[PDB]
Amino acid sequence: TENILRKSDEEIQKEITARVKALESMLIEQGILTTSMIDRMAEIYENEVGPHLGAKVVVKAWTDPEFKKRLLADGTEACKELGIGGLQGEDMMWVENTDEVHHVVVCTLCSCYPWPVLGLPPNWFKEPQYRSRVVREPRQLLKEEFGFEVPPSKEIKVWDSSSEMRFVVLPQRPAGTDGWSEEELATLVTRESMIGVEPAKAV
């Protein structure tokens, strides 16, 4: 949105870059930050940890009723069965979409997000536009921003991550997928479907 007071994006980037390099130089001199530490963190969340992990959890729940029960009982412990867990998903609570209930998750106070199953959040999740509106007008927001119409008779539950409990949505399994393999099913599972802003992919 227009702000006549705001510098260009290019000027903002130039200034941030200098500030960050300056701070970086000082933390390096203190011996608490190194180039390898930086590269390792980046590599993990660029290449290793991402929503393909949550997808594996989802499709196991879809194809294994006992695992699904365990997942809903204790998200952290269930995900550890798949070697999935860790930073900012130490405490996971999965919630199940049904014909009667739709779940959507938010961190209104900041940006909290279940990194071990979804990786780092997309910028829109962290930004004030989504965070402000989704607790107040979720039905309208889902329709207008995501093209996702939840009938008024269906309950929408919005989960605001104010604690270290991390909420993850188990989307409903799309129709027409009877007997599909876990690999085939995983193609239907999106980051968005595990946030609750979209259903899993149809067809």
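We number the residues from 1 along the sequence you see.
Chemist: Mean C-alpha B factor from the entry: is it higher for 76-84 or for 129-137?
Modeler: Higher mean C-alpha B-factor: 76-84.
Chemist: Name the higher of the two by mean Cα B-factor in the PDB entry, 156-164 versus 40-48.
Modeler: Going by the record's values, the stretch with the higher mean is 40-48.
Chemist: Going by the CA temperature factor in the entry, name the top one among 92, 118, 106, 101.
Modeler: The listed residue with the largest C-alpha B-factor is 92.
Chemist: How does the C-alpha B factor of residue 192 compare with the rest of the chain: lowest, middle or highest third?
Modeler: Middle third - that is where residue 192 ends up once the chain's C-alpha B-factors are sorted.
Chemist: Of the three thirds of its chain by CA temperature factor, lowest, middle or highest, which one includes residue 63?
Modeler: It belongs to the middle third of the chain when residues are ordered by C-alpha B-factor.
Chemist: Sort the modelled residues of this chain by their C-alpha B factor and say whether residue 169 lands in the lowest, middle or highest third.
Modeler: Ranked within chain, residue 169 CA B lands in the highest tercile.
Chemist: Place residue 24 in the lowest, middle or highest third of its chain's C-alpha B-factors, as listed in the PDB entry.
Modeler: Lowest third.
Chemist: Compare the C-alpha B factor of residue 150 with those of the other modelled residues in its chain, then answer lowest, middle or highest third.
Modeler: Its C-alpha B-factor belongs to the highest third of this chain's values.
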